[PDB]
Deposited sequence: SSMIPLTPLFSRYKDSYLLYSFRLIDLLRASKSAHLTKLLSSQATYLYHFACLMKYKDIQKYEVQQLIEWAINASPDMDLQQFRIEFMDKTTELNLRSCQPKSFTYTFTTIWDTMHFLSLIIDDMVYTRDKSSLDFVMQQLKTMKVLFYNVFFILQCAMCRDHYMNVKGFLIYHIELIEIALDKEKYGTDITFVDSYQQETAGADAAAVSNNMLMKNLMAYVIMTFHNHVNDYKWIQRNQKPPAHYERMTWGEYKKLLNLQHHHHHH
């Protein structure tokens, strides 16, 4: 059903994304408030939706609700390593092996990979909209905006949080931009897909967008630090990026 090519990089993205979703539900047992439990639970709901449930039209939505319910009720005092044990036990129990990470080392790269994963899901949903509907895609895009608006870092970086709070709109803007092309199709002018950035839409737009945003954040971090970029620092190019993902 999904047309995303299988590549070593997409495999890494998917695994990082599952790790991210795991570190997120891990936060549930330690939630300081009902309001945060509600926010965390809806984020994990959407995350698992996009990675392991949507393939089967969310038929397993209740099993995820149960995984979330279990996570909220787990002990706040147990170690991340104990939670890992029980999490793996519970996901197997619930027939959600597909939602389990294989690698558990969490870095900034995990969070970036997670964002790049979503960008690919977004482009793929748009590409294959004729197999779902315009309405279904519009509804998934609303959820995507909520997801990007509410990114939890998990690791500690107050500078990262403030900065993302300031520029996350660049990402949401491009989701609205897709919604505009879909609505123009709804009203009678099919999307024409183009190579470059009355109804035109760049092919693989969202993959390009987040690649671009990822370079921008890394260029900006040298200004934050008030330093010349390291001698070996280099941006990802769109030519290489498309080849790595076979776009």
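Visitor: Which segments of the deposited sequence lack C-alpha coordinates in the modelled structure, numbering from residue 1?
Guide: Missing from the model are residues 198-210, 261-267.
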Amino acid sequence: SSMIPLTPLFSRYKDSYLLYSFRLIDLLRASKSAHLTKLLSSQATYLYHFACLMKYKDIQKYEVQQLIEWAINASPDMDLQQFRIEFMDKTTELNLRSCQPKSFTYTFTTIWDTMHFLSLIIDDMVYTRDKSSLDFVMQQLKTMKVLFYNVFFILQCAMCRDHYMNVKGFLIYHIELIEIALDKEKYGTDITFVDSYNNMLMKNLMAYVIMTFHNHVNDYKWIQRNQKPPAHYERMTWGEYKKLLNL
From here on, numbers count along this sequence of modelled residues.
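Visitor: In the PDB record, does 50-58 or 177-185 carry the higher mean Cα temperature factor?
Guide: For C-alpha atoms only, the mean B-factor is higher in 50-58.
Visitor: Comparing average C-alpha B factors as deposited, tell me which of 99-107 and 167-175 sits higher.
Guide: According to the PDB entry, the answer is 99-107.
Visitor: Take the CA temperature factors straight from the PDB entry and tell me which of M159, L118, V126, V146 peaks.
Guide: Of the options given, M159 has the highest CA B-factor in the PDB entry.
Visitor: Within this chain's modelled residues, let me know which third the CA B factor of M200 belongs to: lowest, middle or highest.
Guide: Answer is highest: the recorded C-alpha B-factor places it there.
Visitor: Taking the values exactly as deposited, rank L36 by C-alpha B-factor within its chain and report the matching third: lowest, middle or highest.
Guide: As the PDB entry reports it, the C-alpha B-factor of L36 lands in the middle third of its chain.
Visitor: Quick check for you: using the entry's CA B-factors within this chain, is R84 in the lowest, middle or highest third?
Guide: Within its chain, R84 is a middle-third residue by C-alpha B-factor, going by the deposited values.
Visitor: What third of the chain, by the recorded C-alpha B-factor, contains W70?
Guide: Its C-alpha B-factor, which the entry lists for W70, ranks in the highest third among residues of this chain.
Visitor: If you rank every modelled residue in this chain by C-alpha B factor, which third holds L28: lowest, middle or highest?
Guide: Its C-alpha B-factor belongs to the middle third of this chain's values.
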